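This document starts with one chain, in the form deposited without uridine-5'-diphosphate, laid out as C-alpha cells.
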C-alpha cells in the first residue's frame, strides 16, 4: 500500500497507494482517495509529534499522496502500543473486547512476513541484534507517541485503541520514528458508538472504508476531504 522510491542516500519518497490488502493479500481492493487520506493523515500526525519534540523521518510533502522522508537504517520491528483490548490481545489476556487498560501495553513483533510477524521479547530482540538500551529508548518513544496521539484524538471523540510504529537509525545514530501513521496502522473507534474508523472496516466488511477514513480526516481538520 506504499511505494518507497529512493531520492538519494539521505532521502526517499514514500508514496501512498489506493490499494487495500488484508490476510496476507488473500483479500484485496482499491479505494479511490485512500492513498491521499493516508498520506495527509501521516503528515498531520508526524507534524503533531515533531511539535512535541519526537524525532520522525518526516521531511516534507511532494504531492497529495507523496511524502519526502529521511532514509533510515530500520529496526526489524513492528512496535504495537495498546490502550484498549482489541484483536489479538483477546488471545493473550483474559479480558473482553473494549476493556480499558490501566496502563498502555507495548508489544514487540519481529518484522518478517515469512514467520507472519511473530511476537518477541527483549531476549529475542538481542538475538536480532537490538541492544536492551535501544529497546528501552524505542518503548519510551512509543509510549510518548501514544500519549500525544491518544490525547489529541480523544478531544475529537476518537479512541486510540491500539497502533503500530516502526523505527530506524539516522546518520547521527539517533532513533527516529518512521513508516506511516494512518487508519491502516491504527485502530480508531468513535468515542460514543465504538464503531471502527480504520482498516478493520475493510478487514471485516463492517462498512464503507473511504467513508470511515474521511470521518477521521474531517474530525481532525474540520474540513471535508477534496484534493
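Residue numbers count along the first chain shown, from 1.
Not pictured, yet referred to below: the form solved in complex with uridine-5'-diphosphate.
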* Could you check which residue among 86, 138, 125, 149 gets a heavy atom within 4.5 Å of uridine-5'-diphosphate in the deposited bound form? => 86
* Could you tell me which one of 197, 37, 186, 67 places a heavy atom within 4.5 Å of uridine-5'-diphosphate in the deposited bound form? => 186
* To do: Could you confirm whether residue 145 comes within 4.5 Å of uridine-5'-diphosphate in the deposited bound form, counting heavy atoms only?
  => no
* Asked: residue 45 near uridine-5'-diphosphate in the deposited bound form, any heavy atom under 4.5 Å?
  -> no
* 4.5 Å heavy atom contact, residue 153 to uridine-5'-diphosphate in the deposited bound form -> no
* Looking at the partner-bound form in the deposited bound form, is residue 203 within 4.5 Å of uridine-5'-diphosphate by any heavy atom? -> yes
* Structure fact -> Checked 18-54 against uridine-5'-diphosphate in the deposited bound form; residues with a heavy atom within 4.5 Å, sequence order, are none
